[PDB]
Every structure is written in C-alpha cells, then in structure tokens.
RNA sequence: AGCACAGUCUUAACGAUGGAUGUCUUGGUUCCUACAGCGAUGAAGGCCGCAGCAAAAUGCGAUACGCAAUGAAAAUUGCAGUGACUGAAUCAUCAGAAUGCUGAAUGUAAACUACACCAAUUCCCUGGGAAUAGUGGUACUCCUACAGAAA
RNA sequence: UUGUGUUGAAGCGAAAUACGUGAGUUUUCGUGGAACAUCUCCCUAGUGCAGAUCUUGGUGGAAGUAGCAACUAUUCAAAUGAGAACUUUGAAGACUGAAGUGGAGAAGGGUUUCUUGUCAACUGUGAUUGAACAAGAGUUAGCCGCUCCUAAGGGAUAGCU
RNA sequence: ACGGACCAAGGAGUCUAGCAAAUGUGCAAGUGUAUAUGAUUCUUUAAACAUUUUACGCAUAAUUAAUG
RNA sequence: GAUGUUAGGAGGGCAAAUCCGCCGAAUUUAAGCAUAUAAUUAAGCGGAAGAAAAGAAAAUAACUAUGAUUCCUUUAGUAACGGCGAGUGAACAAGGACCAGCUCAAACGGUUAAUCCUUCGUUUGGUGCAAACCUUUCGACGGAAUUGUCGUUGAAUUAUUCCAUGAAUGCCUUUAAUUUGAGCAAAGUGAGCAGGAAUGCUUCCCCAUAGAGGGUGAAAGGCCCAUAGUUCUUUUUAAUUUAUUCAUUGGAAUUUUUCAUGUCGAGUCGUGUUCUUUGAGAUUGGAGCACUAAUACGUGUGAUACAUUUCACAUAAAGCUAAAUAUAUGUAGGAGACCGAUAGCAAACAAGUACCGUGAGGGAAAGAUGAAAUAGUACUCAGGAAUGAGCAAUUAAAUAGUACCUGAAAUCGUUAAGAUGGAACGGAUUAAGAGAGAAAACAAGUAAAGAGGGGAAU
Ligand SMILES: [Mg+2]
Ligand SMILES: [Mg+2]
Ligand SMILES: [Mg+2]
Ligand SMILES: [Mg+2]
Ligand SMILES: [Mg+2]
Ligand SMILES: [Mg+2]
Ligand SMILES: [Mg+2]
Ligand SMILES: [Mg+2]
Ligand SMILES: [Mg+2]
Ligand SMILES: [Mg+2]
Ligand SMILES: [Mg+2]
Ligand SMILES: [Mg+2]
Ligand SMILES: [Mg+2]
Ligand SMILES: [Mg+2]
Ligand SMILES: [Mg+2]
Ligand SMILES: [Mg+2]
Ligand SMILES: [Mg+2]
Ligand SMILES: [Mg+2]
Ligand SMILES: [Mg+2]
Ligand SMILES: [Mg+2]
Ligand SMILES: [Mg+2]
Ligand SMILES: [Mg+2]
Ligand SMILES: [Mg+2]
Ligand SMILES: [Mg+2]
Ligand SMILES: [Mg+2]
Ligand SMILES: [Mg+2]
Ligand SMILES: [Mg+2]
Ligand SMILES: [Mg+2]
Ligand SMILES: [Mg+2]
Ligand SMILES: [Mg+2]
Ligand SMILES: [Mg+2]
Ligand SMILES: [Mg+2]
Ligand SMILES: [Mg+2]
Ligand SMILES: [Mg+2]
Ligand SMILES: [Mg+2]
Ligand SMILES: [Mg+2]
Ligand SMILES: [Mg+2]
Ligand SMILES: [Mg+2]
Ligand SMILES: [Mg+2]
Ligand SMILES: [Mg+2]
Ligand SMILES: [Mg+2]
Ligand SMILES: [Mg+2]
Ligand SMILES: [Mg+2]
Ligand SMILES: [Mg+2]
Ligand SMILES: [Mg+2]
Ligand SMILES: [Mg+2]
Ligand SMILES: [Mg+2]
Ligand SMILES: [Mg+2]
Ligand SMILES: [Mg+2]
C-alpha cells in the first residue's frame, strides 16, 4: 500500500524493481482467483492501484528527464512541445500580429490616441 | 412555442384505401408497436397539435402613451378616494386620512422592523396581519412553474 | 434571489439536491447545536460527524438523546445509538433521522472541526 | 376574393416562416448596448466616447432646409481651425477627405464650431507631468491642478449634439 | 336439516379486469444571456477491453468504473476488503502522467489481426550491463531550404 | 379579491324532500391521502365530442365455438417423480429403406455443443422433456483450409475531364 | 344508402401579415414617440417611466399619362 | 525541370444554426397551362469564422448638396417588372445603432539591398515550487533577392514644435470599478388539541438589507441548506503618485520659398451576340464566345436606344480592415400567464435503446409503494409447489405487498330483488314495491334543574 510521496525519492532502478515485484504479486493473486479461492480476492485491487501509482511516478520521472534533455534548442519532440489546439498553434504570435509596417509605426509614435478631457 | 418539427419528424404515409383502415398517414416498416400507427395529424397519438404555437404570436400590446398617462392619473385619483380603496380590499377602517401623507423621515428608515412598527402606528396593523395570513400555496400546476405561493397586495 | 446567476427554479433546486456530490451532501446534512454550544461558539449549525451526541426534536422519538453511530449521505439520514427497531424478520436496525429534526449536544472535535469553528468565528 | 375589400397584396407566397425575426430581445439588447457604452467610457477615463461631427445641410429639395451632423470635417475646415488632419483624428474630431466646400458661409460656420470645440477642450499630457505643446493643431498640455479642477466639473456633451 | 327451476335482461351492493381522472415531476419547451473549432501533437465516429464477486447504461484505457496533483476531507459499503484518529476512505477539481486497436488513416492491404521494406529497438547505472520479433518509420499533394545528377 | 384543508384536499363511485327550463351547480354517504378554490372583477388559452373504414390503449358477443386431420402405428411392463399417451429403460410390433429424419461438409445461423442443475413463462395437449431457464465447461494443426497466384472482374497510380 | 362491436383518453375555423366595417377608448388638424437614446431602471424589470436644454407613417387636397 | 523515408514545415477528416461560393429542381399559384410563380428556394457539392460576408467610392445626388461598409426605423408594398394575369418589387434621401482608416502597384532613392529568411548561437532581464513562458540586441555561416526586397507618398529648403531614443538616480502608492472562486451570514424547534409524524389549528413570542427556492415524517422567515448584506483573494483598467538629470542618432507634423506636373492596375473596360439573373424596362448584374480600347483635356456613372456638345460626381480593371448585425448547431447559465407521462424532444425510465428492414432507413413501449424497506412480508398451519389461511405480523394505512398512489368506463363474477309467449330500451301518466329522508312537511315561548358558553353594569 505504498503511496506517491514515498516513491518520488527512490531511484528509477529501484522503482522498476518494486514494480516488477508488484506485478508478480498481482499474477499470484490472479492465479489464486482462477483456482477455487475467495480468500485474497479483494486484496488484488489495492495491489493493482499501487502498481498504477508506481507506473505513474516512473512515467513522470521519465518525462522530467526528457524535458531536461530537450531544454530550448529551437525544435523539440512533438510530445514535449507545448500541446495546444491546432488552430492556436497555426495562429500567429501576438507580437507577430502587432508588428506594423515602419511608416505606420512612425505615425503611431507621432499621433497616439490622446486623452482630451472636454469641458 | 412548441418545437417546429413536433409530431412531423416521421416519414409516415397513408396506405391508401384498400387495406380496411382509416386513411391517416401510417408509420412504415415493422417490428415496433409504433410501426403501422397513425402518424401526424392532431387526432393521432404522437401527432402534431392543431395550430402549433409560434414565437411570432403577438405578445406585447402597444398602448397610447397618452392613454397610459390617463390610466395612471385615474389610478392615482382612485387611491386618493377612501371608498374606492376600501372596495379594492384594503383594511382602511382605522385610517384618518386616505390620501396618506407621511414625513420625509420615512425615506431614511433602514430596518424592516421599524417600517412595520410605523405601519402599525399608522393604523395598518390589520392590513399587515391580513398580508401575513395571505401567503398560501397556489391551486394548480403553477406550483411547478415557479409560482408556488400567492400573496395579496398591500 | 437578487443575484441572477443562481437559479430559483424549483425543479433545478430539486435536481441539485438529489444529485449533489458527496461533499455537498456532507455540507447540507448540518444540524443545530445546543444553546450552550451556540454561546460558546459564533456557530449556529455544524455538519454532523460520527461520535457526536445528539438530541432528537421531531418524529416519534421526540426527546431521546444519544450518540450517532453512522451518518448516511445517500439517504440523508443519521442513525442514533438507541433508536433501535426490529425489522419483519426480527433483525434490529437503527431508525434514520434527518439532521433537521435533530439538535446536537456533545461535539466530536478534530483539527478540521477546530479549523471550521475558527473560520466561523 | 369577395365583397368590397381591398385587393389582397400580402406577399407571403414564399416560405416566409423560414425568416421571421421577433425582437423579444429589443429592450434587453438596448440595455446591453448601454452597458457596453458605459464600460467604454470608463475605460477612456475622462475622455468622451463621442467624436466631433460637423453640422451639414441635407441634400435634395425636401431636406435642404434642415441641418444635421455629417461624418468628417474636410481638409479646408481643419486648415481654417488651424489643425492638421492627423492631429484632429488623434483628438476628438472626425475628418472627411472626400467632402468638399461650395458654401463659404457653411465653411465659416464649421470652422467656428471647431474653434469652439478647441476652446472647450483641455489636453492631458501624453507622459505624466511633462507639459509639452501639441503638434500642428493640438493645443497645449495644462498642469495637474487645472486638470483636477476640470475633472471635478461635469464633462459636457452639448457640442457633440 | 330444508327451500329456491334454469337461462336471458335490468337494478343496487360488494368485488375482478383495465389504467382513465386527480395529484405529483431529477424531463421537455421556447425565449434570453455568454461564449464557441476539433484534427497527422492522430479528431469526430466505430470496434475491443477494463470491477473481486460485474449484464446494460454510465466512467474510463493494458496505470483501464481509475493514477498523480490540488480543494475538501472520515468514511466506503450488498457482501468481501480498504482506510481515518491527514498526498491514504470518499467526493469535487483537473493543469501532470497516461490514452488498446482502428478511423482523414497516411507503408501495401482488408469478410485478412495478411503482408512488405528501412531502422534492430528499448531499459538500467555512472562507458558498461540487461533485455525483447518487440518498438519506431516509410501515403499523396505542396511549400521553403539543401543535396547531387540530367538538358 | 377572501377563503377551504390530515377533526382529510382534489379525484373517483353511488346518490340527494336539492337548485337551475338547461349546460350544470351544490350537497350527503363511501372511498381517497394532499392539495384546492373564486361567481368579486377580467384577463388568457393547445377550452367542452357519440361518430371522422378517427388515433392510442383496453375490453366484449361471436365462443369454450372453428379448430389442434401430410409424413402407414403403436402397445406392455418398469423407473424417475407431486403428477407421465408424448421423460428414461427393457420387451414387442413397426417405419425410414442407402436419391434415408444415415454419415460428412458449404452458405446462413452463433453458443444452438457438453455436464450438473432445473420448470415463472415458453416448449399452440401434458411434460418430470427440451434447441427454455441457471451455473459452469468446451473449439489445441508446419501437413485440414484460409494465408500465395491469377480468372471473370473491382479499387486505385499518371493523366485527362 | 354509407359510418358506427364497446369503453376510456386524445381529436378539428387557429395563429400571423396587411385591409374592412362594426363598436369601445385616448387624443383630435392632428395623431402614432419608429428605431434609438436617458435614467437614482434592474428578484419581478425582456416593463414601467422619460423623449433630447421640421425623423417618417397615415391624415390635412385634389387631379392629370404627363412638364405639372 | 525531375528526383530524394534529405532538413524544417503545411494541406486532407469530422462539426453547421448563423456564414460564404458554386450547382440547382419540382410540388405549388395562376381556379387549365406553356411565360411567369414556387425560387435566384430544397436537395447536391465545396469552403470559413466567433461571427462570416461587406467595406474606404470609376457612390448618390441635382441640393444651400451629401460622403467606406453593415444593421435597424423608414422610403414602400412605392418607382418598376409581370399571358401588364397570378403575382413580384428595389434604390436615393431622412431618423438612428456604430463609427476607422488604410498599403500595395506605379513616381522617387544606385557615393552600391538601405531588405528578408533557415540553422548555430551569444547575455541582460521579468514571472512560476517546478514545467514553462515572456521579452532584450548581437553577430556569424548559409541562402532568397537586380525578372526588384526595403525606405519615401512628389522633391528640396526654411522657421516652429513634438515624438522615438539610451544611462544614472527615482517611485511603485491610494482607491473606484469589473469579473472569478470563497467564507461569514438575523430570529421558536414555546403552551394546549388532534395526529404515525407538523411545517396545522388556537395562543405567547421574535427576525427581517434575509417572507426567492429547495429540503425536512402534512402548508416553516425563525429546523437545515441556501437568500439579503458584507469581508477577503482572482481577472483587468481607469483615475490618482514621482519623476529628475545627462548623450546624440533618427523621424514627424505644420510653415516659408523654390521646381515637378509626375503617377494613377489591359484580352481589362467596353461593344456585338448568346444564356442566365434582376424591379432594370432598345438588357441590372453575371457569364461564354467574337471583336478589343483610351491615358486623366483620359473613361466610367448621372435608370429610353442614338448622334453632336455641356456640366456634375467619381477615379474600375490589385489588397487589407474593428465596431454595430445573425445564430433551429454545441456547451454552459438564467426564464416562462408554456407542456404535465396518449402532453412535452422520438426519448422524464439501461432512447436514438429494444425491435424491424439486404440496405438507404424506419423506430417504440415503458414514471409514481411508504415518512421510513436501516419497516419488502417473520412465524405457525395446509399444500409437490405455487399460493392460501391464520388465534399470527411490519405499518398510520397492506383492498399501500413490489404488475405496489388515486383505480373510472367497457367487460366479467357473487349476492339480492325483480321481470320474461319472436327483441330490448324509451316518452307521457299512474302503480305497487324497495330504498332514502325531516332543512316547509306541527308546537314559539313559559316553568321547574342539569351541562355549558357569552356580553354588560359597577
Ligand atoms: Mg408531441
Ligand atoms: Mg387542477
Ligand atoms: Mg331464474
Ligand atoms: Mg489520488
Ligand atoms: Mg488531499
Ligand atoms: Mg495503413
Ligand atoms: Mg483475402
Ligand atoms: Mg376543481
Ligand atoms: Mg383543440
Ligand atoms: Mg369517444
Ligand atoms: Mg356529431
Ligand atoms: Mg382499436
Ligand atoms: Mg408436442
Ligand atoms: Mg419399409
Ligand atoms: Mg414406404
Ligand atoms: Mg442425425
Ligand atoms: Mg443439448
Ligand atoms: Mg404446453
Ligand atoms: Mg440438460
Ligand atoms: Mg440459454
Ligand atoms: Mg494443404
Ligand atoms: Mg502480387
Ligand atoms: Mg483482370
Ligand atoms: Mg473507377
Ligand atoms: Mg359515400
Ligand atoms: Mg360497419
Ligand atoms: Mg371506429
Ligand atoms: Mg375528450
Ligand atoms: Mg374604428
Ligand atoms: Mg476539409
Ligand atoms: Mg444554373
Ligand atoms: Mg395550376
Ligand atoms: Mg386547382
Ligand atoms: Mg441547400
Ligand atoms: Mg472553422
Ligand atoms: Mg472580414
Ligand atoms: Mg433599407
Ligand atoms: Mg405608404
Ligand atoms: Mg422573385
Ligand atoms: Mg402525506
Ligand atoms: Mg485607376
Ligand atoms: Mg427570373
Ligand atoms: Mg441619379
Ligand atoms: Mg475583404
Ligand atoms: Mg411520450
Ligand atoms: Mg391519519
Ligand atoms: Mg383502496
Ligand atoms: Mg400519494
Ligand atoms: Mg393500486
């Protein structure tokens, strides 16, 4: 019945080892269930949950390392890329949208939309 | 308004004359209890209603501004007149003057309790009591359309 | 009422009541605390837990005090120590009382409860 | 058709039901619009949400006598006012490149109006405190106290009508 | 212990049959408001699964009626089992992880779990040591850049 | 607007020295178990049914009637069981008569197969039987096929429309 | 002659556009505040109120193919 | 030009209510029908967005002229079209909503592409626990580009004044709102009656910026959730506060005076002809084909073809652009003088489900016990069993027993009464029965004495 916060500290190899053990345990439980038994039939669920948790932890760890590896460097694996709606991705960056022609920019600089309190 | 395609979403058609059944359109195919049954038509289970209600019915009624003003004036006059007020159902047996005028101090009252007290002092105690009594559960299906209680107008 | 974001609609309200999540159920199964308790804390009503001792005001047993054995969020009923009743078979089960019909005296107090009290204050 | 009634001219031979708009939303729509306007005003702190339009005479033999707000001031009028078009645009005034003057009197009137508007208006500096004179047409930036005083007074919308 | 003929029809009482009426109502309905694209980063749709005792629906995806994390916060319960005395039992939220096979389906195919070819691929530890026939990729059109050939 | 309700509302069934020319209204008893009125005025409507070979759902007379007549045909004893003409076993007598209700397969079906149960309904009679219901269980290939090839053909590549 | 075995529920001149006369009402050579704005309007408030510190409709004039 | 599983990328499909193109009918109306009408509609196919499309005048007007589109009110059922039949049918103005303008091409700049992009980088910042973003300027190595990128919007030259700039020191305050999630949140669980149980009926209290609504064993402001109101935090966006110094590169608007009269979109407009579309009429737009222009003194509108000439207004044949406006689709809220299980979506329920159809498709029926099944029928007897019965049993109530609220009618059963010679029923008028009944169908008051209730006088 191991929980997440205990597993974050453990090295990856150790985690893997734990996972395999859990799997083995689960297998045993399954076997028992298959045979004419109902003694530990309810224990299996917990084990499964634990296994899942372990997997999640390991996956997260893997992801983190991957992220670390691919820091910056322009292009990145599409998974590590900021996954967002396709349309949004397609869409120009706000800066790009803003970017006016030089003359226009100059004009803007010259005569901005001033505030002109009327009394 | 009833939905636009209500009762008419069916492909049902009439079998014609020589099958020994009325000539209302009939649901096609088989297997279902619905198959073979009368389709649309106001008389048919699951049919469309007669003249289905529509959003374009005239709901509001324009009234001459002048007419409205006149009505308002009349109402005001009625309110002034003690007898009329009495008739309308308000318990006015204990009020000196029925054009009721009270000091500007009222506009500044901050507490419902205080207001109630003031009312009582005026002579409307009976009226207040009546009002209290008269919150009652409506007869009918109104109960189910956010009109649960009925309350008389004070 | 005055805020037009929350529905008054009766049907909607009923739906909400019936289909409320567990937390919501817990929240709405609150009970009035005794006069002394009220005096002690700025709280008027608390969500009843397990080891709270309650006194029943409404129903057939309108004065029988006792600790709560179990609370049931599925049926909105709490079960007291000695509100026992035999079924048809003869099996003894607790009579379920709605938290509205009950006023709590002795309070089960954990850190969470303390926090809640503080918040209320 | 029967009896002495007018001959029926109700054009409902097309699938008209397919295109009926009932404006249940009228009053509410109006309210929404008002709210939006208010919001805009708030955003544009102090400044008036409305832009200056010149008075102009309506076309055709039948509306000739009447005068109404036209969109945009015409270069000539701007010049008369002593203002650049761009500057005018930046401030409260609409400019109209396409409009032309054939009435000297009208032009004069327009320029008078412009002058009046200018007189009315006080210009908040672009950067805080730093009081600097305008470009081409734009008047001057007043001090802080004056601005405050102006704010304290009610912003009139008499010119924009 | 006796006594009514029987049947057909009628009336009344009390029943059957049926589900009308009445009363409800977690549904609909129209209107109003508000926002409003998902997809080769593999969508919608469809299969296949997944629970201890598990059909459907609901929920989810080989971590499979849920994982992590956050906010609550002692229960969950048909039984079995699991927890409290707060990352744990249960909700809610959901941003992280994960997301079978398919399907635009995109290697060629398709009443196939058929078949190619190019990478062997993957994980562990701080360059070795383990693994698995397993995992990727390879469509058509196009664009920019590059490449080396053609005229 | 001014009221009736768990000392029982609406509804329903029977009525009533009841009222109304009449639609109806009102009341009593019985059931019922929660709402109900307005005639004070008027406002609004998906507002009143005996018919439409009306729609839907129900129910009759017909009527315990027609009928349960292809495939030559059963009988005795015993067993199981609450109960046996149609479950099982034995003994007869019979038929199918290798162009077979026999073996295998294909299409189609999809667990109908098998064992242990077993009878609410179904098995147009009965039924303890069952292709029913319930619980399980069962289909093992290098050689038998598919998988490969081409056929009539099909879907596409280049184009061109 | 047709429809109706029986019973229960459902089941059919409605709604909008413009015109008409009838009658009610307000105002009346005028009338209707259209959109839209404004508010110390915001459960009801999608209504009610208000109408800018010569809008348009119909009517007030007819007639003629017509410049008129 | 091919070619590449080269490096980096994009398109395909789903979804449609509004939206934009295409393509495209017929029923129908004309009391027939053929032009018309339906209708530039449905279906078909293709494409977008939160809106789309339209849009910055080759516009209208003929005025004292207006000044991009869009949308609303209106013009207007008007001009017009139409077997001048049925029918159809705009636009300008006017009042509003909202208001926003622009940049390519061409002219100019060669004492020089001043541009642009891929890849590899380099170092100051700001947030966040991370993940990540957010910006800052600077060069390489490539390319692209002279078949043309970028600057300028005629060109200089004067006066005026702004705007960018960079560094030091400097401050980050007070509120108003606006929008998310949050808490907190007034006062009876008082007698008595009846009840299974008050939230009821009396009566004594109160609270209300909360008497919306829901729950709770019957109608509850005071039992609970919530509600009125506030106290934070979230979203941004106004106002207020603190800017001060030094460096110069660049630019802009006017304003003088010179000099330059530039440029302004071609198989395009236009005409002829065909078909379509239009209210468009000797053709409104569009399209196919044939012919095929003019340079701003141009050429295109100015609703009758044409010639000769005025005049007014525009500047076509390149492009972009917010606002108002529309939404029967999807999700999420809020509503109703709406519907109340044959109604309302087809679907209140394991409904687009079962089931039917080879298939395209078609497509149901089906809600309610009670307050509480943590009261779902214990036990005994008879039964093969179902069931039944109980002296038994849960309930307030089982003729509330899960086919469960109420339980109508048809139909059928039991009992009783009656009637009965090939119908029955009915109306009119009695009759005998059999039920019902007393509020007109007799008895006010007076007296003796019980049980209650009142009101008043002092
Ligand atoms: Mg319907
Ligand atoms: Mg009713
Ligand atoms: Mg007899
Ligand atoms: Mg967790
Ligand atoms: Mg937690
Ligand atoms: Mg493939
Ligand atoms: Mg094959
Ligand atoms: Mg009634
Ligand atoms: Mg009707
Ligand atoms: Mg009938
Ligand atoms: Mg009739
Ligand atoms: Mg029938
Ligand atoms: Mg048989
Ligand atoms: Mg033989
Ligand atoms: Mg033979
Ligand atoms: Mg055989
Ligand atoms: Mg068998
Ligand atoms: Mg049988
Ligand atoms: Mg068997
Ligand atoms: Mg079976
Ligand atoms: Mg072989
Ligand atoms: Mg081959
Ligand atoms: Mg071939
Ligand atoms: Mg082909
Ligand atoms: Mg006939
Ligand atoms: Mg007949
Ligand atoms: Mg019939
Ligand atoms: Mg009826
Ligand atoms: Mg009239
Ligand atoms: Mg597409
Ligand atoms: Mg065509
Ligand atoms: Mg015709
Ligand atoms: Mg005809
Ligand atoms: Mg279409
Ligand atoms: Mg799109
Ligand atoms: Mg656009
Ligand atoms: Mg218009
Ligand atoms: Mg007119
Ligand atoms: Mg037309
Ligand atoms: Mg009740
Ligand atoms: Mg041009
Ligand atoms: Mg046409
Ligand atoms: Mg004109
Ligand atoms: Mg455009
Ligand atoms: Mg229905
Ligand atoms: Mg009772
Ligand atoms: Mg009963
Ligand atoms: Mg009931
Ligand atoms: Mg019943």
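Can you give me the C-alpha center-to-center distance between the stretch A:72-119 and the stretch D:15-87, rounded to a whole angstrom?
If we compute the Cα centre of each part, the gap is 31 Å.
Give the value in nm², to one decimal: projected area of the alpha carbon convex hull of the stretch A:64-117, averaged over all directions. Walk me through the intermediate numbers first.
Working: hull surface 29.4 nm².
Approximately 7.4 nm², given one-decimal rounding.
Roughly how far apart, in whole Å, are the Cα centres of the stretch B:76-112 and the stretch A:1-67?
What the calculation gives is 80 Å, centre to centre.
Go through C:101-109, D:112-120, B:62-70 and give me the packing order, highest mean Cβ count within 10 Å leading. Let's see the in-between values first.
Details: C:101-109: 17.3, D:112-120: 15.8, B:62-70: 8.9.
Peptide ranking by packing, descending: C:101-109, D:112-120, B:62-70.
Looking at the calculated P(r) for the stretch A:11-94, what percent of the C-alpha pair distances fall above 17 Å?
Values: 2241 of 3486 pairs.
Roughly 64 percent, rounded to a whole number.
Residues of the stretch A:51-69 with backbone nitrogen within less than 11 Å of a virtual label 7 Å along the Cα-to-Cβ line of residue A:16, please, listed as ranges.
none
Determine, from the Cβ-Cβ distance of residue B:106 and residue C:24 and an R0 of 35 Å, the FRET efficiency 1/(1 + (r/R0)^6), rounded to the nearest 0.05. Intermediate results must be reported in sequence, preceding the final value.
On the way: r = 43 Å, r/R0 = 1.24.
Plugging the Cβ-Cβ distance into 1/(1 + (r/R0)^6) gives 0.20.
For a protection proxy built on the mean count of beta-carbon atoms within 10 angstrom, sort D:32-45, C:75-88 highest first, please. Please report the intermediate quantities before stating the final value.
Details: D:32-45: 10.8, C:75-88: 14.3.
Descending packing order for the listed peptides: C:75-88, D:32-45.
If you take each beta carbon of peptide D:123-133 and count the beta carbons of other chains within 10 angstrom, what is the mean?
On the way: counts 4, 4, 2, 3, 0, 0, 0, 0, 0, 0, 0.
The mean count of partner-chain Cβ atoms within 10 Å per residue comes to 1.
Give me the one-decimal Kirkwood hydrodynamic radius in Å for the stretch B:1-76, with the sum taken over alpha-carbon pairs.
Working: mean 1/r = 0.0623 Å⁻¹.
Final number for the Kirkwood radius of the stretch B:1-76 is 16.0 Å.
Sorted by mean Cβ packing within 10 Å, highest first, what order do the peptides A:5-17, B:79-91 take? If you can, show how the numbers build up before the last one.
Numbers: A:5-17: 11.8, B:79-91: 14.0.
Going from most to least packed, we get B:79-91, A:5-17.
May I ask you to compute the full-extension gain from residue B:53 to residue B:82, defined as 0.36 nm times their residue separation minus their alpha-carbon distance, rounded to one decimal in nm?
Additional length available on full extension: 6.0 nm.
With r as the distance between the Cβ atoms of residue A:24 and residue B:135 and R0 = 60 Å, compute the FRET efficiency 1/(1 + (r/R0)^6) and round to 0.05. It would help to have the intermediate numbers written out before the result.
Details: r = 71 Å, r/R0 = 1.18.
Calculated value: 0.25.
Find the relative contact order for chain D and round it to a whole percent, using C-alpha pairs within less than 8 Å whose residues are 6+ positions apart. Let's see the in-between values first.
Details: 149 pairs, mean separation 28.8, N = 161.
Once normalised by length, the contact order is 18 percent.
Mind checking the log10 I(q)/I(0) for chain D at q = 0.12 Å⁻¹? Debye, one equal scatterer per Cα, no solvent, two decimals.
-0.73
So what is the calculated 222 nm ellipticity per residue for chain A, using -39500 (n - 2.57) for each DSSP H run with n of 4 or more, over all residues, to the nearest 500 deg cm²/dmol? Please list the in-between numbers first.
Numbers: 6 runs with 73 residues, N = 119.
After summing the helix terms and dividing by residue count, I get -19000 deg cm²/dmol.
For chain D, what is the calculated [θ] at 222 nm in deg cm²/dmol (nearest 500), taking -39500 (n - 2.57) for each run of four or more DSSP H residues and dividing by its residue count? Please list the in-between numbers first.
Details: 6 runs with 61 residues, N = 161.
Rounded to the nearest 500, the figure is -11000 deg cm²/dmol.
Using only the alpha carbons of the stretch D:35-104, determine the length spanned along each of the three principal axes and report them from longest to shortest in whole angstroms.
42, 30, 16
Give me a single rounded figure for A:103-115: the average over its residues of other chain Cβ atoms within 10 Å of their Cβ. Could you put the intermediate results ahead of the total?
Details: counts 0, 0, 0, 0, 2, 0, 0, 5, 12, 2, 5, 12, 9.
If you average over the peptide's residues, the count of other-chain Cβ atoms is 4.
To the nearest µm²/s, what D does Stokes-Einstein give for the stretch C:10-52 at 25 °C and 0.890 mPa s, using the Kirkwood radius over alpha carbon pairs as Rh?
On the way: Rh = 12.0 Å.
Using the Kirkwood radius from Cα pairs, D works out to 204 µm²/s.
Once Rh for the protein assembly as shown is found with the Kirkwood sum over Cα pairs, what is the Stokes-Einstein diffusion coefficient at 25 °C and 0.890 mPa s, in µm²/s?
Values: Rh = 37.0 Å.
Result for D is 66 µm²/s.
So what's the angle, to the nearest 10 degrees on a 0 to 90 scale, between helix B:65-80 and the longest Cα principal axis of chain B?
50 degrees
Per-residue mean of other chain beta-carbon atoms within 10 angstrom of the beta-carbon, peptide D:149-159? Display every interim value, and only then the final one.
Numbers: counts 1, 3, 2, 1, 2, 1, 3, 2, 1, 1, 1.
Averaged over the peptide's residues, the number is 2.
List the relative contact order of the stretch A:22-92 as a percent without decimals, with contacts defined as Cα pairs under 8 Å and 6+ residues apart. Walk me through the intermediate numbers first.
Details: 21 pairs, mean separation 16.7, N = 71.
In percent, rounded to a whole number, it is 23.
Take the Cβ-Cβ distance between residue A:55 and residue A:84 as r, set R0 to 25 Å, and report the resulting FRET efficiency rounded to the nearest 0.05.
On the way: r = 26 Å, r/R0 = 1.05.
So, using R0 = 25 Å, E works out to roughly 0.40.
Principal axis extents for chain B, Cα atoms only, whole Å, descending order, please.
Projected onto the principal axes, the Cα atoms of chain B cover 85, 37, 29 Å.
With a Cα-only, solvent-free Debye model of chain C, what are the log10 I(q)/I(0) values at q = 0.10, 0.18, 0.22 Å⁻¹?
Values, matching the q order: -0.37, -1.02, -1.26.
Quick check: Cα centre of the stretch B:123-154 to Cα centre of the stretch C:13-61, how many Å?
30 Å
Any chance you could tell me what percent of the C-alpha pair distances in the stretch D:67-145 go past 20 Å? Please report the intermediate quantities before stating the final value.
Working: 1035 of 3081 pairs.
Summing the P(r) tail past 20 Å for the stretch D:67-145 gives 34 percent.
Using 7 Å Cα-to-Cβ label points, what is the residue C:50/residue B:70 separation (nm, one decimal)?
Using points 7 Å along Cα→Cβ, the separation is 7.8 nm.
Ratio of the stretch D:1-52's C-alpha Rg to 2.2 N^0.38 Å, to two decimals?
On the way: Rg = 22.4 Å, N = 52, 2.2 N^0.38 = 9.9 Å.
The reported ratio for this selection is 2.27.
Hey, what did chain C get for relative contact order, percent, Cα under 8 Å, at least 6 apart?
Working: 173 pairs, mean separation 31.6, N = 121.
Worked out over chain C, it gives 26 percent.
Just to confirm the number: angle between the C-alpha axis of helix A:43-69 and the first principal axis of chain A, 0 to 90 degrees, nearest 10?
40 degrees
With ideal geometry, Cβ positions are generated from the backbone for all residues, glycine too; neighbour counts draw on all protein chains shown. Read-outs throughout are calculated quantities, based only on the coordinates presented, and are distinct from any laboratory measurement.
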